[PDB]
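First, one chain by itself: the form deposited without cytidine-5'-triphosphate (CTP), in structure tokens.
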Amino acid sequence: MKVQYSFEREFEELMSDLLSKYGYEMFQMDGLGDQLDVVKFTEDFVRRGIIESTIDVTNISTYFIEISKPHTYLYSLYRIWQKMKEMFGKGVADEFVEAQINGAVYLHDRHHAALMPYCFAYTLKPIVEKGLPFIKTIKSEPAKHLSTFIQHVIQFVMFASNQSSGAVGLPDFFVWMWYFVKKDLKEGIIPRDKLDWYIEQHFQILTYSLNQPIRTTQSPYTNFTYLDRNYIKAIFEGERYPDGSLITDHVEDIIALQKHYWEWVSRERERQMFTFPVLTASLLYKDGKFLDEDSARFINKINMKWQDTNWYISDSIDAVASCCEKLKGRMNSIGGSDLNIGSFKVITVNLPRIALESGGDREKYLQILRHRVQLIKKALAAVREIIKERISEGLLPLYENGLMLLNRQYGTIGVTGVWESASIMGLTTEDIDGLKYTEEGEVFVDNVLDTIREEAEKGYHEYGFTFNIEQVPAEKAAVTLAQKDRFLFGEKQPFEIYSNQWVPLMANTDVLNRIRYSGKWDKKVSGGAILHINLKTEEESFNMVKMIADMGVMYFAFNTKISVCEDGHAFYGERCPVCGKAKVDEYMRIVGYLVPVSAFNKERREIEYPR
């Protein structure tokens, strides 16, 4: 049966031509093949469970999310083409569509691309002050008590996760939670002899709610930040609680509450392992010292158990000063995005493609790169115009209620496969300290990133909004791009998956090289990357941390292999110390946050070896 979708003739001509040029397998690999066939999709979907049971469970709620993704992707691609045609001409639009489809670029959350924005790290201030104004079918009063505050936070997170594609960050959670803890303590709502119990009960309610998905089999991606004293002071200078008291008058209370959570979390994993919220600590570090060494030592000590917190290092708080037109502030897809910073969309450049296209010619490579990045900037501009259209149509209330801020969102140019690009270029080698870039290779990466940065900087004056760069997690992109490239270039592309760190996670190389590379290149993407290392004592750990910080790494973590039994208890080894049963899975940091390897491998294998 033939169902008609109504497109402009030129777009249909474009899609037909692209089909003739590239073949159905490209469209299939892009997600615009048999996936569009509702019957095939459904029939395949309803029997995934048997296969899962045979090889290794999803429920019906996943069906209703997934069925339409190909269709809303097709729509999004079309609308982006339209807007780009409007803004820059048909040539550019056609070029973009071709690049997206053939895999020269990777449009992130493409099924959402013309409908809602990517991500944001929120301040809860408007939640505390206004309640839930974005829910228009009932007027909700602002929270007066801790329980109602926790409720509102949970509800906000769930609401926001359906108005955006990516992370819901809450860097100032504990700032606002403290207020209600103290308020309820004062009014005798909380019996004093039950204070810590009351706090931990609310930690538990929130944390578990953020790991208990109602729809689909995955919770929304959330982040918590341990704000050091420097950050609390800089961010909340001048700000007051709803009782009129100064927030900066309560730095110690906030630090103490944050500390309580990090301790409670470390304890709780032995009862039940969980992913969210992803934990980052934001520390100001200058001239060989932490400016809040108490907090740094705390994070250092507490991390010894699970290494479940990511280290954010900065040398300045200028970018966040008095925060509560050129945009500054860190944007990172994994964690550590500064308060009131986000990205409305990421479009990634496939660097290995350029390697294959260039045939080892670095000058040609850089020309191609520049052009590609300019194209991406144009697409990001179109997307932004589309989001503004959606805001105007009353479809995105988070913008209307001052929670998501469009002028505080970057347009992001992503990169993936730096290593693989260099390798195809012939600019990598193995010496005594393991796998590494050749000198010429380091220079090449320098050039790639400096070029991208140059263009990103030009973008502000070109388009009116700020661009950033990120080495994206690319859980799916890293497979699909490599697949498209293999389909196009064959044996010349020998990699099954492209990398998302400057040197591959599982590379046989010296830690010092990794650290050095991140030290060189993290600043070029303004901290839009992560160094996480698979692996002494507390002071040895601290010395390592200081060392890594001195070397200029902006965001990093150490990885352990966290065993879990069938009952969910976290431990190390093959034997569970709580229940006595055997390890059956592990949690690890694979792209920057802690996940079960089994879920990761299910996902990877099912997008890498389909049908």
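Residues that one form lacks are left out of the comparison. The numbering used is simple: start at 1 and walk along the sequence shown. Between two forms, the rigid core is defined as the largest C-alpha subset superposing within 1.5 Å.
One more form of this protein should be noted, the form solved in complex with cytidine-5'-triphosphate (CTP), which is absent from this view; the next part is about it.
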Contact test in the deposited complex: residue 110 vs cytidine-5'-triphosphate (CTP), heavy atoms, 4.5 Å:
yes
So, in the deposited complex, is residue 71 in contact with cytidine-5'-triphosphate (CTP) at a 4.5 angstroms heavy atom limit?
no
Going by a heavy atom distance of 4.5 Å, is residue 333 a contact of cytidine-5'-triphosphate (CTP) in the deposited complex?
yes
Going by a heavy atom distance of 4.5 Å, is residue 475 a contact of cytidine-5'-triphosphate (CTP) in the deposited complex?
yes
cytidine-5'-triphosphate (CTP) isn't shown here, but in the deposited complex which of 248, 358, 165, 266 has a heavy atom within 4.5 Å of it?
165
Among the candidate residues 534, 374, 392, 218, which is the single one with a non-hydrogen atom no more than 4.5 Å from cytidine-5'-triphosphate (CTP) in the deposited complex?
218
Please identify, from 289-297, 467-475, 234-242, 394-402, the stretch that has a heavy atom within 4.5 Å of cytidine-5'-triphosphate (CTP) in the deposited complex.
467-475
After superposing on the rigid core, which residue among 216, 438, 82, 358 shows a C-alpha displacement of 2 Å or more between this form and the one not shown?
216
Core-aligned C-alpha movement of residue 271 between this form and the one not shown, 2 Å or more:
no
Has the Cα of residue 186 moved 2 Å or more between this form and the one not shown, judged after a core fit?
no
Large Cα move at residue 492 between this form and the one not shown, threshold 2 Å, rigid core
no
With the core superposed, could you pull out the runs of three or more residues whose CA atoms all shift by at least 2 Å between this form and the one not shown?
136-139, 214-217
